[PDB]
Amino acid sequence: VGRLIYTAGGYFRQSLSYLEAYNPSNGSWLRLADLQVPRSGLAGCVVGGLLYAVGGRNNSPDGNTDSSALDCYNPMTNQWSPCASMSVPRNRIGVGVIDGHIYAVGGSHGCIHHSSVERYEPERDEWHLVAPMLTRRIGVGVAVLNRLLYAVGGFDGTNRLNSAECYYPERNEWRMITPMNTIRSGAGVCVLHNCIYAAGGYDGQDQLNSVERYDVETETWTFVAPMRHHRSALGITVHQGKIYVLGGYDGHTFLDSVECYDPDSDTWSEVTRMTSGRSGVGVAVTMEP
């Protein structure tokens, strides 16, 4: 009990510093301490009850600065603290947590599209590079299932991708998995039960409302019910057995819509609205502040 969905950063006209937390138990939103530096295209995650904001870019009227930053938010104090920075700036990043360690995957630095991957050790406050992906990927969806790390879709600098790959930590090795049925860059990727879900994204022509899931045992991708809204650069998380998608861009509007997927009924429903429309947020779940 007592866990909230935190959304950090994002974009609307410029990169944002907002940290806001939604309580599914009562529908309330809380505005919390702003990020020290505005950022869009970041990712969020939680280790040990602390929220981490990783990478992104500060797009402002006076600049576009890609971020190598790792910042830690403590709900007990409502304060952000800098942690060790990554080896390289990573905008349009994806992240995943394995056994208390944060993996930062891909992303861009200027016109460079990274295949590199690095791993953070909170206990030592250190990053170290691990094996790079087989493909350069920005706008990459990342999730962890059964202590394996998945990198899904994205953009390699020439093509948006339907491909996906998996990292096996004990071998420090990446291997391709079955590709998705749809090209997706800037999708929301998460894990629910024994499947990796890829929701939304951009296929090179349109923002998508379709959603597909990879069953790690059968190695197949299957479509589930589509979202009500097409969206790219959405936030996503799982809470109490349901997927939540937050914001994104539908080709016309920066959405404030938050939708919730119930896997038992295979249905999406609108559950709340963010306080303002935005895309490119980082999202994670931890205890209320």
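Position 1 is the first residue in the sequence shown; the rest follow in order.
The mean Cα B-factor in the deposited entry runs higher for 74 to 82 than for the other of 74 to 82 and 186 to 194. According to the PDB record, 154 to 162 carries the higher mean C-alpha B-factor of the two stretches 101 to 109 and 154 to 162. Sorting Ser257, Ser68, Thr65, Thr222 by the CA temperature factor given in the entry leaves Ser257 at the top. The entry lists C-alpha B-factors for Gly235, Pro226, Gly41, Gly49, and the highest of these is at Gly49. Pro122: CA B factor lies in the highest third for its chain, per the PDB record. For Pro61, the recorded CA B-factor ranks within the highest third of the chain. Only modelled residues enter the ranking. When all modelled residues of the chain are sorted by CA temperature factor, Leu129 is found within the middle third.
In this PDB entry, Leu19 carries a Cα temperature factor that places it within the middle third of its chain's modelled residues. Split the chain's modelled residues into thirds by C-alpha temperature factor. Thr218 is in the highest one.
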